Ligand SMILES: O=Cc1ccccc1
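One chain comes next, on its own, written as structure tokens: the form deposited without the ligand.
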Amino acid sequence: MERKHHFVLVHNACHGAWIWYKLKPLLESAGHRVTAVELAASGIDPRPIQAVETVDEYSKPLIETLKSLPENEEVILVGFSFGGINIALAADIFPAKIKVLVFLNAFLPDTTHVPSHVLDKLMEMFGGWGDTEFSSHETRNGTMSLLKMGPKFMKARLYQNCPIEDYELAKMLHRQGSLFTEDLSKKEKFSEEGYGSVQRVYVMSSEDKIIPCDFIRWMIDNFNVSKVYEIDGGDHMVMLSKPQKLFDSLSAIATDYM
């Protein structure tokens, strides 16, 4: 049997490690190791998002997971949605720990514009926020913009191809979060020597109704990848609507980096 890999999986804003409940055992039955990180103020993390003011604090559990890998171990690092920004941050710290970055229906930042660039572009373009609730919290370093998904918006825009049980689960577990847009507008650009040096691939769902297939091409034209994989019939929450096809794409990716 060919070499197996260690996958580090990074969830989206307002969610938590729980999203990976279908995919983790698929990967582990094929002999791979999986670590599903829970970011700060996410899932069952005991902090409210208001206490996590910066994207570096938010991302700290991912940095700590990578820090604790033994010497010379490398992972396949998979970021979902805002998890794209998280994994780029990590890649700028620990580039030699990362065999390949998997941007899964994810923000794909560049090394030319401020780190918020691709998030700011989507916020300008997106029209279907529905019953999502937006709010602010003032910090000692400025306004921090917060969001809490509404259930109608979830159903129409994230979960529309998911089993109803999955939607019910999400309604039980989703939390107010942040896309850290102010904090990311003030951060130093992602570096070419760190983030830019790491191999990267993009995995996109064909029915993602939050991260559209033309906004992806925009991001990819803006900052190229090695390879683009497409998951036929996936919604945004592809690890819940099409976990087997997602396993298939991750499997393929593992084969290209053995």
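Residues carry their position along the shown sequence, with the first being 1.
Chemist: Please compare 194-202 with 212-220 and name the stretch with the higher mean C-alpha B-factor in the deposited structure.
Modeler: So the stretch with the higher mean C-alpha B-factor is 212-220.
Chemist: Quick one: say whether 185-193 or 42-50 has the higher mean Cα B-factor in the deposited entry.
Modeler: The stretch with the larger average C-alpha B-factor is 185-193.
Chemist: Can you tell me which of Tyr159, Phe103, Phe126, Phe94 has the maximum CA B-factor listed in the PDB entry?
Modeler: Of the options given, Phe126 has the highest CA B-factor in the PDB entry.
Chemist: Looking at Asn86, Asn72, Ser81, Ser178, which has the highest Cα B-factor in the entry?
Modeler: Most elevated C-alpha B-factor of the set, per the entry: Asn72.
Chemist: Which third, lowest, middle or highest, does the CA B-factor of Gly233 fall in along this chain?
Modeler: Its C-alpha B-factor, which the entry lists for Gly233, ranks in the highest third among residues of this chain.
Chemist: Lowest, middle or highest third: where is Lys155 by Cα B-factor in its chain?
Modeler: According to the entry, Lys155 has a C-alpha B-factor in the chain's middle third.
Chemist: According to the PDB entry, is the CA B factor of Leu169 in the bottom, middle or top third of its chain, that is, lowest, middle or highest?
Modeler: It falls in the bottom third of the chain.
Chemist: Could you say whether, by C-alpha temperature factor, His6 belongs to the lowest, middle or highest third of its chain?
Modeler: CA B-factor rank for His6: lowest third.
Chemist: Please place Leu77 in the lowest, middle or highest third of its chain according to the CA B-factor in the PDB entry.
Modeler: Lowest third - that is where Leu77 ends up once the chain's C-alpha B-factors are sorted.
Heads up, the form deposited with the ligand bound isn't pictured, but that's what we're talking about next.
Chemist: According to a 4.5 angstroms non-hydrogen atom cut-off, is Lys152 in contact with the ligand in the entry with it bound?
Modeler: Yes, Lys152 sits close enough to the ligand in the entry with it bound that at least one of its heavy atoms falls within 4.5 Å.
Chemist: Check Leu9 for me: does it contact the ligand in the entry with it bound (non-hydrogen atoms, 4.5 angstroms)?
Modeler: Although the ligand is absent here, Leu9 would stay clear of it in the entry with it bound, with no heavy atoms inside 4.5 Å.
Chemist: Within 4.5 Å, heavy atoms only: does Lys242 come near the ligand in the entry with it bound?
Modeler: Output for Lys242 is no: heavy atoms all beyond 4.5 Å of the ligand.
Chemist: Using 4.5 Å between non-hydrogen atoms, is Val34 touching the ligand in the entry with it bound?
Modeler: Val34: no, not in contact with the ligand in the entry with it bound.
Chemist: Looking at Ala96, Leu173, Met123, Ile164 here, can you tell me which has any non-hydrogen atom within 4.5 angstroms of the ligand in the entry with it bound?
Modeler: If I apply the 4.5 Å criterion carefully, the residue I get is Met123.
Chemist: Identify which of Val114, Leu169, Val100, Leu147 has a heavy atom within 4.5 Å of the ligand in the entry with it bound; exactly one of them does.
Modeler: Comparing distances to the ligand in the entry with it bound, the residue within 4.5 Å is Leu147.
Chemist: Residues in which of 70-78, 88-96, 152-160, 183-191 have heavy atoms within 4.5 Å of the ligand in the entry with it bound?
Modeler: The contacting stretch is 152-160.
Chemist: Can you tell me which bits of 123-143 touch the ligand in the entry with it bound, meaning any heavy atom within 4.5 Å?
Modeler: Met123, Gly128, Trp129, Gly130, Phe134 sit within 4.5 Å of the partner.
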